[PDB]
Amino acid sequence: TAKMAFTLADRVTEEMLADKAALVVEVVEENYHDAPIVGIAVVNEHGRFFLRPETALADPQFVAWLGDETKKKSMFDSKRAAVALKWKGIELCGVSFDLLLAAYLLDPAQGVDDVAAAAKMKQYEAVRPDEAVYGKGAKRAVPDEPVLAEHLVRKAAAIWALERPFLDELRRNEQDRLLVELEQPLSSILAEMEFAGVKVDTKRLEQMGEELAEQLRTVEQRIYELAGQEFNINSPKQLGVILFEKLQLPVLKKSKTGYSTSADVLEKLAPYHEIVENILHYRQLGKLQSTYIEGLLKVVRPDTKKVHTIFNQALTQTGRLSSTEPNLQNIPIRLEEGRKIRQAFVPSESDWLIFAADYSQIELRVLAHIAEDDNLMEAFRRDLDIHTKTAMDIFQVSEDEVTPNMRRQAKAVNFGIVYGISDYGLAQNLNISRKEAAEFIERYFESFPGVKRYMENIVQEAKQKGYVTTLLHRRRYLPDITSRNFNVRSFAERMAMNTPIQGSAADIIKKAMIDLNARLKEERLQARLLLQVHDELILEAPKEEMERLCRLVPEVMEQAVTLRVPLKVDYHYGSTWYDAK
């Protein structure tokens, strides 16, 4: 039942500082920013050691071992440790293997988020799930030293044992370089971006809040004035009663528990009553208020007026990053009212500016490359407007004859083609029939027979191999590709179509980040990566570096990989993120 052998050290010794080791720097708080490090474990050829962080991190030897690149560490989720240590003024170097990132690449669907889950992949179970040790939610606590220490040593021991088999399988999948040269170096770069953070103009945000608060009072009362009664507009029950009982509005869609009040459904009810337009407007504002003024203000650090996101680099099934606390990959841009929120994200130093660079149509360009569709590749070699070109082709008209509605619909098809494309899926999106939506898809394929071929071929490959891959050898297993349930098989077919596109795009932007970081250092620029939003990079830099960045950044991003079509990068800069358009 019990205890693995280890030295509960009272001070740091030399044999703890070997040049190969499994290391655990445990930060139990979910948000690791400026968070406590609760204990340390080291396992190496000389044994297993638990150290107290107050001891270890006050020790010159240990700190210098941490920062020594030639001293190789094996860890789980090294970025967590790295950041927590940065907030304490200590550099972590020499991380040559990260089990979290290794597990993520081997199979992203396992949802590996702790050492235990990773260990299980190789029939190793001599370690506990963090959830069992720390608890979950309100009962979540750091346990007493003997339980804590044994757990960190078991995790370190698991890392030590598991490196070789993980690396072995990564190599067999041709994923070794993907780990060592892309994801691991990216992890350090993300660490720097998170630590640096983004400066927020809180005063600006707060006055926006106030404008909104007063706009919401007005609409809220107008809504009660129109419903002839007061009610909870946010309630699914109360509103559905006002809409579909008291006002007799027609029921166009019924959800699981009742009537749908989604924006798509409401937009269609607006002609019937003046209440509907005010409810939409109320929700748009309420969204900005709750999610983007209030939400953001509670995560700004009052000391520096910065937000420090955490990028989850081991979550998405596609190889994309996610962003949390705050999520800075969903800041409004589409609607001008919401876009103004970006005026609150400002450079962290005076006389600095925000620089934003974004790939133009990277997904469709990746598709052109992997499908080798002659027409699509030509379209991009001509740097055509792709939605216009797709319109001309599916409706068989000249540039002159393409109407704005034709272009809107071709665009929707382009998106749908990217996401796997179903007559029913597009039909819903375009507010039209499943037949006829099928006519569009069919028509598209007549113009892009290479894309059609790719779609068919990749689904067959998914079935044959059990998975699909990206440009840089990221893998996604698709076991549902064989189910006899149409809906479940279909979704897996869509993932088979989409994942090489979206995943290859993720691959390219990650390499660009790595390449950009190396060029920034080589050039001695003070410019720093602040954020990544799937197909764009956001930096801040002195005004005096703008001109050099205008050349340097797009170029690095464009040259990250060489495809059969060119990659294209647009860029802008300004006093705020908003103005960097």
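Just so we're on the same page, rigid core means the largest C-alpha set that superposes within 1.5 Å between forms. Residue numbers run from 1 along the displayed sequence.
Participant: C-alpha RMS from this form in 4 other deposited structures of this protein, rigid core superposed: larger for 333-341 or 229-237?
Facilitator: Higher average C-alpha offset in 4 other deposited structures of this protein goes to 229-237.
Participant: Core-aligned, RMS over all structures and residues: is 113-121 or 415-423 the stretch with the greater C-alpha displacement in 4 other deposited structures of this protein?
Facilitator: Larger mean C-alpha displacement, comparing 113-121 and 415-423 in 4 other deposited structures of this protein, is found in 415-423.
Participant: Do the CA atoms of 504-512 or those of 294-302 have the higher mean B-factor in the entry?
Facilitator: Comparing 504-512 with 294-302, the higher mean C-alpha B-factor belongs to 294-302.
Participant: So 152-160 or 217-225, which one's hotter by mean CA B-factor in the entry?
Facilitator: Going by the record's values, the stretch with the higher mean is 217-225.
Participant: Looking at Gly450, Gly425, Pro165, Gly319, which has the highest Cα B-factor in the entry?
Facilitator: Of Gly450, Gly425, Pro165, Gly319, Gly425 has the highest C-alpha B-factor.
Participant: Tell me, please, which of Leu205, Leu384, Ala191, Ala410 has the highest C-alpha B factor according to the deposited entry?
Facilitator: So the option with the highest C-alpha B-factor is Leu205.
Participant: Check where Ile331 lands among this chain's C-alpha B-factors and tell me if it's the lowest, middle or highest third.
Facilitator: For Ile331, whose C-alpha B-factor we compare with every modelled residue in the chain, the answer is the middle third.
Participant: Relative to the other modelled residues in the chain, which third contains the C-alpha temperature factor of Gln526: lowest, middle or highest?
Facilitator: Its C-alpha B-factor, which the entry lists for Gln526, ranks in the middle third among residues of this chain.
Participant: Quick one: classify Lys568 as lowest, middle or highest third of the chain based on its Cα B-factor.
Facilitator: Bottom third by C-alpha B-factor.
Participant: Using the temperature factors of the C-alpha atoms in this entry, rank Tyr124 within its chain: lowest, middle or highest third.
Facilitator: Middle third by C-alpha B-factor.
Participant: Going by what the PDB entry lists, where does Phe355 fall on CA B-factor within its chain: lowest, middle or highest third?
Facilitator: It belongs to the lowest third of the chain when residues are ordered by C-alpha B-factor.
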